[PDB]
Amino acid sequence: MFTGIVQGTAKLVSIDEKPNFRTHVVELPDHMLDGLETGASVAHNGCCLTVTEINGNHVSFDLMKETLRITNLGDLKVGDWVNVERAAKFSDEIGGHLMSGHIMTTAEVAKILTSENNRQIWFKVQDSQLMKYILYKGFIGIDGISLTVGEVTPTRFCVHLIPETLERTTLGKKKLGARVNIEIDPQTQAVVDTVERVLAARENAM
């Protein structure tokens, strides 16, 4: 599990390609190393990966072709940067929302409205069926970033940013068109799914 509070941005240092997967080597922030052992789970742009090897501030991970296909991770190139977050423990506060690290969909940066001191981004969902999990003032995961859902529509939703966000993540550098990993708030999906089942159940019981 993750909080959506990015602990750092790591740069992609090398890619080792294989038939069924790809190896990603990142240079991770020094503070992220203590306690870091192989097999640990780190989120890359919100996608949960496991440590395979560590060398100084250089950490390794393997990506199955599914992951590459389904997330923006498969489009990364060396020198590119990702948001990183180590797994959450019971002693950590949840600065954001409780995130799985499970990416199924991506969204596209549809529009950016920049003004003095402010930045609002609009995203367009790939799966409109998913908008039902994206509520006004709700939570949403973006490239591993926990964010408040601004105005939403049937096909898009937007978010308002603070400087802090722009200074800690890669979000601010994403251009129009950019594909971002999306993660629906698990707790929200659960609520919604549960209601539908109840309503279905009741409909039949009639």
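Note that residue numbering follows the sequence shown and begins at 1.
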Avg C-alpha B-factor, entry values, 98-106 vs 115-123, higher side is 98-106
Taking the deposited Cα B-factors and averaging over 181-189 and over 13-21, the higher mean is found in 13-21
Among 168, 137, 65, 44, the highest C-alpha B-factor in the PDB entry belongs to 65
Based on the PDB entry, the highest CA temperature factor among the options 162, 176, 36, 49 is that of 36
For residue 83, the third of its chain by CA B-factor is the lowest
Residue 172: CA B-factor among chain residues, third -> highest
Sorting the chain's modelled residues by C-alpha B-factor and splitting them into thirds places residue 70 in the highest
On the chain's distribution of Cα B-factors, residue 29 falls within the third called highest
Chain-relative C-alpha B factor for residue 54 (record values, thirds): the highest
